[PDB]
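Asker: Sequence isn't available, so here's the structure alone:
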Ligand SMILES: Nc1ncnc2c1ncn2[C@@H]1O[C@H](COP(=O)(O)OP(=O)(O)O)[C@@H](O)[C@H]1O
Ligand SMILES: Nc1ncnc2c1ncn2[C@@H]1O[C@H](COP(=O)(O)OP(=O)(O)O)[C@@H](O)[C@H]1O
């Protein structure tokens, strides 16, 4: 039984190990938190930090393939292990390119992938003048500040940053795309950010075809292995530009669990194990909605509105096992499937007001 | 957070456990095997046998609602607790009715539920005679013997058995049906036994309609709470008779996980928690096949044919993490979803020869 190593034992990692074991694989989770969510349901867990070079190395050498559910990781030791032959997917090199938002943009531009106009900042006040207000500023490494006036510019993000033209967004889109080392690619439906996800995106065939073609291009240019979450902007001028790349299963890909033949999590395992990719057929439209911790609440998690929300046909719930609720924190998500996406959304919005994660 | 107690740590209980925690419930599993499949992903496990009176008592009293994944359990102690007001679903009384095939037949007959003519054995030889050859003999509690003539009376089943008329079976059908304490019912599509399940059964719609009606009337008569597996016979003469009742999620219902909006396991949780039931809509036809350990293999499980099998579109694998394979033992199942049920069956049977659980 081949062993899959997973760095990061949070929710994304747990869902990963669950699908991996379901496919008959042994899983070792590396997380600093003893009995992490993923470690709890994994075969083994290495209790160490995401930069404990020594331990991440014990994971890689003790696994057939190593993957990860988060980006803030020791990419350096990973590149070394990758260079001497150990299987790490996605490649620590693509992770590196993605870590630094500027180099990610640079990479996308060079490979012919549409992206917002950007500019490395060396002379802040001098560079912003090349865009004029409003302009967008982002931190190169992990955030995003929208400079609209003088007072904001005087209080801009400090550190290594870069500028981006403020994009006139018609809609924000996303698409999961997986790829084998063999080269097979599986592209999912383009979805829409209403944080709520609408699948499929209510957009002209013309645009979804383009969004799918660009998402594939990115993974290809990257020679990626695993599943990737590509965020895009459909502009007010009819242009599709990629905003960011997530080298792992993405929150905007959860709908696949209830709406597609193979979930994003099953694809990721298939992809990193170089197995034949699974069908991405959308069996039914779906609207997903994150269950964030309520504003002004702290402590013991409490889910309210369950009975009433479950009465909505097509509604199902995914509550994560978290011991502490924090405002804005991702406590879970719920999805609504309906033959008619519009009815799916109406219901989801209705439920959104009902389902709340409170404290005590 | 409400607590759900589950007696039985096998694969069914594990699948129930996960779905339960997914809905935000706390789960405590009771199983005589330490680190049982279900206990490993539950919150707590009580190491104890299914007849350890005082231990199942701790489980029920420490839970808001208790259920089970098998029938061979201390039903009498549960009846005691149930009479004290503790929530146990399905009721120990229902479990009691189903555990004995004769009382079960007596019950169905008392409620007008279509069933084969039967008779309790007082004097084996004399009773079979007034029935005529051939006749079917069944143990009341523990399997089936067809008495073709006098000679067979010597090898007849010993103990307390009952007799029933021989039925000329055309097809064997199954249907999952869940019910709330509030009385809400949720009926699934009827499936066809090929051990491989075909969803939906390839039968004239007139039969499907009656099969779902018969099944629903069964759980209604029982005033059942939870999801039930209703096994029926479609005779050569166009009659639909109920043969068996399973008071729990059933193997013939695994298809729901891949082809229906809400799986039988989520449905079961909804029903025992008296919450609104989920949609049973069939999103796409499906064929499920059980994976059993191949003959002559013992020890650590090992799979063969995965790549060739996963190359088949719509094929997904569900390998249970059993710590040892053994001939004929259920190690998991795989499903093949396809818009065309005949292509699903074709693919499934083709893969049934490729996927195999062997020893390492
Ligand atoms: N170039 C841009 N022009 C206008 N709005 C933008 C631009 N880039 C990002 N945004 C907005 O800010 C949000 C943050 O985008 P993102 O780069 O993914 O930051 P984060 O790391 O929080 O996700 C987006 O949802 C989008 O609405
Ligand atoms: N009354 C009957 N007439 C003819 N065949 C029967 C009858 N009852 C059962 N059988 C056959 O025997 C098989 C198993 O009997 P069953 O009642 O399901 O016992 P069990 O499920 O515990 O093995 C059925 O699948 C069916 O093919």
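Answerer: Good, I have the coordinates. Numbering: from 1, shown residues only, chains lettered A, B, ... in the order given. Ligands and ions are numbered 1, 2, ... in the order given.
Asker: Residue A:272 is in contact with residue A:64, isn't it?
Answerer: No. Counting by Cβ atoms under 8 Å, residue A:272 sits too far from residue A:64 to count as a contact (9.9 Å). Backbone N, C-alpha and C define where each C-beta goes, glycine included.
Asker: if I look at those two, which residues touch both of them?
Answerer: residue A:4 (Cβ atoms under 8 Å, 6 or more residues apart in numbering or on different chains).
Asker: Who has more neighbours out of those two?
Answerer: Set side by side, residue A:272 and residue A:64 show more neighbours around residue A:272, with 26 against 15, by other Cβ atoms under 10 Å in any protein chain shown.
Asker: wait, what's in contact with the residue in the stretch 151-300 of chain A that ligand 2 sits nearest to?
Answerer: Among the residues of the stretch 151-300 of chain A, residue A:261 lies closest to ligand 2, at 31.4 Å counting by Cβ to the nearest ligand atom. Applying Cβ under 8 Å, 6+ apart to residue A:261 gives the contacts A:278-281, A:283, B:284, B:314, B:316, B:337.
Asker: Kindly report the same for residue A:81.
Answerer: Applying Cβ under 8 Å, 6+ apart to residue A:81 gives the contacts A:57, A:60-61, A:66, A:88, A:92.
Asker: Show me the residue at the heart of chain A, geometrically.
Answerer: Closest residue to the average C-alpha location of chain A: residue A:250 at 2.7 Å, with Cα atoms, centre = their mean.
Asker: Can you go through the contacts of residue A:81 and name the buried ones?
Answerer: Buried subset of the contacts of residue A:81 (neighbour count, 16 or more other Cβ atoms under 10 Å in any protein chain shown): A:57, A:60, A:66, A:88, A:92.
Asker: from memory the second one sits against residue A:5, does it?
Answerer: Yes. The pair residue A:60 / residue A:5 is scored as a contact, 6.3 Å apart, by Cβ under 8 Å.
Asker: any residues in contact with both of those two?
Answerer: Both residue A:60 and residue A:5 are contacted by residue A:66, under the criterion Cβ under 8 Å, 6+ apart.
Asker: Would you mind listing what in the stretch 51-200 of chain A touches ligand 1?
Answerer: Within the stretch 51-200 of chain A, the residues that sit near ligand 1 (Cβ under 6 Å from any ligand atom) are A:116, A:136, A:143-144, A:164, A:166-167, A:172.
Asker: in its sheet, what does whichever strand or helix holds residue A:27 sit against?
Answerer: According to DSSP states H and E, residue A:27 maps onto strand A:26-31. Its sheet considered, strand A:26-31 pairs with strand A:3-7 (parallel), strand A:44-47 (parallel) by DSSP bridges.
Asker: and the residue nearest to the centre of chain A, what is it in contact with?
Answerer: Residues near residue A:250 by Cβ under 8 Å, 6+ apart: A:174, A:176, A:228-229, A:264.
Asker: okay if I get those as CSV plus secondary structure?
Answerer: Converted to CSV, those look like this (DSSP: H, G, I helix; E, B strand; the rest coil):
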residue, secondary structure
A:174, strand
A:176, strand
A:228, strand
A:229, strand
A:264, helix
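Asker: Nearest to residue B:131 among those residues?
Answerer: Within those, the smallest distance to residue B:131 is 58.5 Å, found for residue A:264 (Cβ to Cβ).
Asker: hang on, that closest one packs against residue A:251?
Answerer: No. Taking Cβ under 8 Å as the definition, residue A:264 is not a contact partner of residue A:251, at 10.0 Å.
Asker: For those two, indicate the residue with more neighbours.
Answerer: Set residue A:264 next to residue A:251 and count neighbours by other Cβ under 10 Å: residue A:264 wins out with 28 against 16.
Asker: I'd like to know which elements the longest helix along chain A is packed against.
Answerer: In chain A, taking DSSP state H as the definition, the longest helix is helix A:205-222. Here helix A:205-222 touches helix A:101-110, strand A:169-179, strand A:185-187, strand A:226-235, strand A:240-246, going by 3 or more Cβ pairs under 8 Å, 6 or more residues apart in numbering or on different chains; DSSP states H and E.
Asker: Chain B contacts on the stretch 201-350 of chain A?
Answerer: A:258, A:261-262, A:266, A:270, A:275-276, A:278-279, A:283-284, A:301-303, A:306-307, A:310-311, A:313-319, A:321, A:332, A:337 (Cβ under 8 Å from any Cβ of the partner chain).
Asker: Can you select the buried ones among these for me in PyMOL?
Answerer: Buried residues among these (16+ other Cβ under 10 Å), as a PyMOL selection:
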select buried, chain A and resi 258+261+262+266+270+275+276+278+279+283+284+301+303+306+310+313+314+315+316+317+318+319+321+332+337
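Asker: which one of the contacts of residue A:81 sits closest to ligand 1?
Answerer: For the contacts of residue A:81, the nearest to ligand 1 is residue A:92 (20.3 Å; Cβ to the nearest ligand atom).
Asker: Give me whichever of the strands paired with strand A:26-31 is most buried.
Answerer: Each of the strands paired with strand A:26-31 was scored by mean neighbour count; the highest is strand A:3-7, a mean of 25, by mean count of other Cβ atoms under 10 Å in any protein chain shown.
Asker: Following that one in sequence, what is the next regular element?
Answerer: Next along from strand A:3-7, by DSSP H and E: helix A:11-22.
Asker: what about the residue in chain A positioned nearest to ligand 2, neighbour count?
Answerer: Here the residue of chain A nearest ligand 2 is residue A:22; by Cβ to the nearest ligand atom that distance is 27.9 Å. Residue A:22 has 18 neighbouring residues, counting by other Cβ under 10 Å.
Asker: wouldn't it be in contact with residue B:334 here?
Answerer: No. Assessed by Cβ under 8 Å, residue A:22 is found out of contact with residue B:334, at 10.8 Å.
Asker: Overlap in contacts, these two.
Answerer: Common contacts of residue A:22 and residue B:334 (Cβ under 8 Å, 6+ apart): B:317-318.
Asker: so which pair among the contacts of residue A:81 is furthest apart in space?
Answerer: Pairwise over the contacts of residue A:81, using Cβ to Cβ, the maximum falls at A:61 and A:92, 14.7 Å.
Asker: Which segments of chain A make up each domain?
Answerer: Domain assignment of chain A by curated CATH domains yields the ranges A:2-109, A:110-166, A:167-354.
Asker: Quick one: end-to-end length of the longest one, please.
Answerer: It refers to domain A:167-354. Distance across domain A:167-354, first residue to last, is 33 Å (Cα to Cα, to the nearest Å).
Asker: Any buried residues in the host helix or strand of residue A:346, and which?
Answerer: Using DSSP H and E, residue A:346 sits in helix A:341-354. Residues of helix A:341-354 classed as buried under the neighbour-count rule (16+ other Cβ under 10 Å) are A:341, A:344-345, A:347-348, A:351-352, A:354.
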